[PDB]
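As given, the protein sequences belong to chains H, Z and P, one line each in that order. Anchor point for the first sequence: position 38 equals 38 in our numbering, and the numbering is continuous, going up by one each time. Here our numbering runs 1000 ahead of the position in the second sequence, where the first position is 1. Here our numbering runs 2000 ahead of the position in the third sequence, where the first position is 1. Below is one structure, written out as structure tokens, with a few remarks after it.
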Amino acid sequence: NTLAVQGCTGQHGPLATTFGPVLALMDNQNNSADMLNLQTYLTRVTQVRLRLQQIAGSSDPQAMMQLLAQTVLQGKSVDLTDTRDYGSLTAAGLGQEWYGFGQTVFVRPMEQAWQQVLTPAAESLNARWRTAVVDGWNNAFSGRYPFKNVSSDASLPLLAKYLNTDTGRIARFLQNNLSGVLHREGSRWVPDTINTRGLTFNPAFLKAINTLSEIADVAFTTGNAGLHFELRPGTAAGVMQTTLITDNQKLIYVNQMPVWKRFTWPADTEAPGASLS
Amino acid sequence: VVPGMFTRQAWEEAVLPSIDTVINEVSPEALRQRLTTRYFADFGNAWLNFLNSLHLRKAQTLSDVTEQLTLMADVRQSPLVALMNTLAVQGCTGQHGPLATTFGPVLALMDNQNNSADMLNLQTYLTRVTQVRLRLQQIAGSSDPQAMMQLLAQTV
Amino acid sequence: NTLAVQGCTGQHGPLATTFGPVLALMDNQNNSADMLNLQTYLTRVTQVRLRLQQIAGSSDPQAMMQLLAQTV
């Protein structure tokens, strides 16, 4: 208002080429009916605020905060990514002379919500990973060999439901919740370099599931537990015969010309075990 | 270059007296139509061969491209609103005008009166080309731009 | 600007070869000089300011500082 009263000094005015653009916003006469107009921004920014009142209370907002911040990192039209793409459109249209004012009031107070909507939603991926994978993993492989040095065994056809590369319950969690920030490049997972402004991974977590997708490419290649390694026996001072039995596959070596016995693991035999005599 | 001799100050001054020197020297007031429209048909035909001659400055390496689209779509300091301003002043010589069938369409762009409200209008091109420039500032810096450049050039 | 008006004393002038290249910058009558001028340069340095403004923004773990430097 007070900027409009001083764009008409003199007499349209003499300085109407310099206050020209900013007086062209607050017009709403819009004979084109598709101007930028600074209305249809204040009813664009207030339909962003009305989204952030549905969130912040009523109810369970960390759940809803991710579900906003998840659909900006992959898609569009939320609209917190659209008003910034409307607010910048006026500000770059002003003059490249009112830069610093157009950057202050048209793009900044929408961008300030984005840095505010991230760090709560980054917490909601922690409580949808300890209750979606870790409390399935620990519920079945707590205190089993080869995790903890005990007598019992982890269950192999249940192990291949977790660490696959296509349909495993780890690799089907990252393709649903981390669709923007995590790539399946090659065999490892890498952080996506775009869309990681202020969003850091725990550097043990990248070391974890680049290991669980490295066992997945050695042992669990075909979709189930199976690999083929070859043993060649050796000689030793004063041993007449060594017998290695794995899963009813023998290797009896009585110091003849050594060969290669192509084993497999785990074979579907009647008494799987290992023994050395 | 257009040779002069044609602009709005050359019509108001020194051809309207100058047509009156040769007509006294066949009914003259009927040739005053039969000479001006022969001049006006050669008025447009020296402008059309000026504007159709212009090419665009060969730019490269993505910063000169995004610096053109700043400078092309920036009111108060650009061509194409300073060019079409001076193109608007010479589409109204004579008196709508007599040559308004030849500068007709290019004056129909820079109107923004648009009683249909779906014209082509040359605004809604400079706020269309500047939402392409605004894409290429998100790319070219901030951040990791070779990654983002594929993700544009893949979906085209 | 002070250097601009002093390159036209006399009457383009008799001080041509001493203020040649420096007054070839601001002129915009250098229509074939590969355009090599002052005005693009100051906007060529305002975006190195703007990319450094974001590092002057958050820079929260001292990373995202080097994420603009990882491009270098």
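Every residue, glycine too, gets a C-beta built ideally from N, C-alpha and C.
Restricting to Cα atoms, I'd like to know which of P:2067, P:2050, P:2027, P:2059 is closest to residue 2001 (chain P). In the third sequence, counting from the first residue as 1, residue 2001 (chain P) sits at position 1. Closest by alpha carbon: P:2027.
C-beta atoms of residue 151 (chain H) and residue 63 (chain H) nearer than 8 Å: Indexing the first sequence from 1 puts residue 151 (chain H) at position 151. Indexing the first sequence from 1 puts residue 63 (chain H) at position 63. No.
Name, in chain order, the residues that DSSP records as bridge partners for residue 274 (chain H). Taking the first residue of the first sequence as position 1, residue 274 (chain H) is located at position 274. In the DSSP output, where bridge partners are listed per residue, residue 274 (chain H) has H:246.
With three or more beta-carbon pairs closer than 8 Å as the criterion, would you say the segment 8-28 of chain H touches the segment 79-88 of chain H? no
From the DSSP output, which residues share a beta bridge with residue 153 (chain H)? Locating residue 153 (chain H) in the first sequence gives position 153, where the first residue counts as 1. Note: residue 153 (chain H) sits in a beta bridge opposite H:145.
Residue 10 (chain H) and residue 23 (chain H): beta carbons closer than 8 Å? Your numbering for residue 10 (chain H) matches position 10 in the first sequence. Your numbering for residue 23 (chain H) matches position 23 in the first sequence. Not in contact: residue 10 (chain H) and residue 23 (chain H) (Cβ atoms no closer than 8 Å).
Tell me where the alpha helix (DSSP H) around residue 1012 (chain Z) begins and ends. On the second sequence, position 12 is the one that residue 1012 (chain Z) refers to. 1008-1012 is the span of the alpha helix (DSSP H), which, as asked, contains residue 1012 (chain Z).
Pairwise C-alpha distance: residue 1133 (chain Z) and residue 1070 (chain Z): Your numbering for residue 1070 (chain Z) matches position 70 in the second sequence. Your numbering for residue 1133 (chain Z) matches position 133 in the second sequence. Cα to Cα, the separation comes out at about 7 Å.
Which term fits residue 238 (chain H), buried or exposed, when burial requires 16 or more other beta carbons within 10 angstroms of its beta carbon? Within the first sequence, residue 238 (chain H) is the residue found at index 238, counting from 1. Answer is exposed; the Cβ neighbour count stays below 16.
Of all Cβ atoms in chain P, is any one closer than 8 Å to the Cβ of residue 198 (chain H)? On the first sequence, position 198 is the one that residue 198 (chain H) refers to. Output row for residue 198 (chain H): interface = yes.
Would residue 66 (chain H) be called buried (16 or more neighbouring beta carbons within 10 Å of its own) or exposed? Residue numbering aside, residue 66 (chain H) sits at position 66 when the first sequence is read from its first letter. By the 10 Å Cβ count, residue 66 (chain H) comes out buried.
Roughly how many angstroms separate the alpha carbons of residue 1006 (chain Z) and residue 1123 (chain Z), rounded to a whole number? For the purposes of this step, residue 1006 (chain Z) is identified with residue 6 of the second sequence, where counting begins at 1. For the purposes of this step, residue 1123 (chain Z) is identified with residue 123 of the second sequence, where counting begins at 1. Approximately 29 Å, taken between the alpha carbons.
Starting from residue 2061 (chain P), find everything on chain H with Cβ-Cβ shorter than 8 Å and list it in chain order. Numbered from its first residue, the third sequence carries residue 2061 (chain P) at position 61. Correct list: 200.
Residues of chain C with a CB under 9 Å from the CB of residue 2058 (chain P): which are they? The structure shown has no chain C; the protein chains it does contain are H, Z and P.
Does DSSP put residue 189 (chain H) in a helix, in a strand, or in coil? One-based indexing of the first sequence puts residue 189 (chain H) at position 189. Residue 189 (chain H) falls in the strand class under three-state DSSP.
Cα-Cα separation between residue 1155 (chain Z) and residue 196 (chain H), rounded to whole angstroms: Residue numbering aside, residue 1155 (chain Z) sits at position 155 when the second sequence is read from its first letter. Residue numbering aside, residue 196 (chain H) sits at position 196 when the first sequence is read from its first letter. Distance between the alpha carbons of residue 1155 (chain Z) and residue 196 (chain H): 22 Å.
Extent of the continuous alpha helix (DSSP H) to which residue 1076 (chain Z) belongs: The count along the second sequence starts at 1 and reaches residue 1076 (chain Z) at position 76. Here residue 1076 (chain Z) belongs to no alpha helix (DSSP H), and DSSP marks it neither H nor E.
The segment 135-150 of chain H contacting the segment 187-202 of chain H, beta-carbon criterion three pairs below 8 Å: no
Under 8 Å: do the segment 1055-1075 of chain Z and the segment 1006-1022 of chain Z share three or more Cβ pairs, one atom per stretch? no
Residue 260 (chain H) and residue 227 (chain H) - do their beta-carbons sit closer together than 8 Å? On the first sequence, residue 227 (chain H) is found 227 positions in, with the first residue counted as 1. On the first sequence, residue 260 (chain H) is found 260 positions in, with the first residue counted as 1. It is not a contact, given that the beta carbons lie outside the stated cut-off.
If you reduce the DSSP assignment to three classes, tell me which class residue 230 (chain H) lands in. For this step, residue 230 (chain H) is matched to residue 230 along the first sequence. In this structure, residue 230 (chain H) counts as strand in the three-state DSSP scheme.
Distance check for residue 160 (chain H) and residue 221 (chain H), CA to CA, integer angstroms please. Counted from its first residue, the first sequence places residue 221 (chain H) at position 221. Counted from its first residue, the first sequence places residue 160 (chain H) at position 160. Residue 221 (chain H) and residue 160 (chain H): Cα-Cα distance of roughly 10 Å.
Specify the secondary structure class of residue 1039 (chain Z) as computed by DSSP and reduced to three states. Along the second sequence, one-based indexing puts residue 1039 (chain Z) at 39. It is helical.
Proximal residues to residue 120 (chain H) (C-beta, below 8 Å), its chain only, five neighbours per side dropped: Translated into positions along the first sequence, residue 120 (chain H) becomes position 120. Here the set comprises 61, 62, 65.
Straight-line CA distance for residue 127 (chain H) to residue 134 (chain H)? As a working mapping, residue 127 (chain H) is identified with position 127 in the first sequence. As a working mapping, residue 134 (chain H) is identified with position 134 in the first sequence. Each residue's Cα considered, the two are about 10 Å apart.
Test: residue 180 (chain H) CB closer than 8 Å to a CB of chain Z: If you number the first sequence from 1, residue 180 (chain H) lands on position 180. No, because no Cβ of chain Z sits closer than 8 Å to the Cβ of residue 180 (chain H).
For residue 314 (chain H), which of H:216, H:233, H:57, H:96 has the nearest alpha-carbon? The structure shown has nothing for residue 314 (chain H), since chain H only spans 1 to 277.
Inter-residue CB distance, residue 145 (chain H) and residue 154 (chain H) (contact presumed, cutoff 8 Å): Position 145 of the first sequence holds residue 145 (chain H). Position 154 of the first sequence holds residue 154 (chain H). At roughly 7 Å, the Cβ-Cβ gap stays under 8 Å, so residue 145 (chain H) and residue 154 (chain H) are in contact.
If you compare alpha carbons, which of H:90, H:236, H:95, H:21 is closest to residue 107 (chain H)? Residue mapping note: residue 107 (chain H) aligns to position 107 of the first sequence, counting from 1. Nearest C-alpha to residue 107 (chain H): H:90.
What residue from Z:1048, Z:1047, Z:1045, Z:1072 has the CA that sits closest to residue 1057 (chain Z)'s CA? Here residue 1057 (chain Z) refers to the residue found at position 57 of the second sequence. Residue 1057 (chain Z) has its Cα closest to that of Z:1072, out of Z:1048, Z:1047, Z:1045, Z:1072.
At the level of alpha carbons, what is the spacing between residue 100 (chain H) and residue 2046 (chain P)? As a working mapping, residue 100 (chain H) is identified with position 100 in the first sequence. As a working mapping, residue 2046 (chain P) is identified with position 46 in the third sequence. About 12 Å.
Suppose the cutoff is 8 Å on Cβ atoms and the five residues either side in sequence are ignored; what does the same chain contact list for residue 1140 (chain Z) look like? For the purposes of this step, residue 1140 (chain Z) is identified with residue 140 of the second sequence, where counting begins at 1. If we look at residue 1140 (chain Z) and ignore the five residues flanking it on each side, its Cβ neighbours are 1062, 1063, 1066.
For residue 262 (chain H), write down the residues that DSSP places opposite it in a beta bridge. Counted from its first residue, the first sequence places residue 262 (chain H) at position 262. H:230.
For residue 206 (chain H), I'd like the list of residues in its chain whose CB is within less than 6 Å of its CB, leaving aside the five on either flank, ordered along the chain. As a working mapping, residue 206 (chain H) is identified with position 206 in the first sequence. Result list for residue 206 (chain H): empty, nothing under 6 Å.
Taking C-beta pairs closer than 8 Å, name the residues in chain Z that residue 21 (chain H) reaches, listed in chain order. The residue labelled residue 21 (chain H) in the question sits at position 21 within the first sequence. Under the 8 Å cutoff, chain Z gives 1075, 1076.
For residue 1115 (chain Z) and residue 165 (chain H), what's the separation of their Cα atoms in angstroms? Locating residue 1115 (chain Z) in the second sequence gives position 115, where the first residue counts as 1. Locating residue 165 (chain H) in the first sequence gives position 165, where the first residue counts as 1. Approximately 59 Å between the Cα atoms of the pair.
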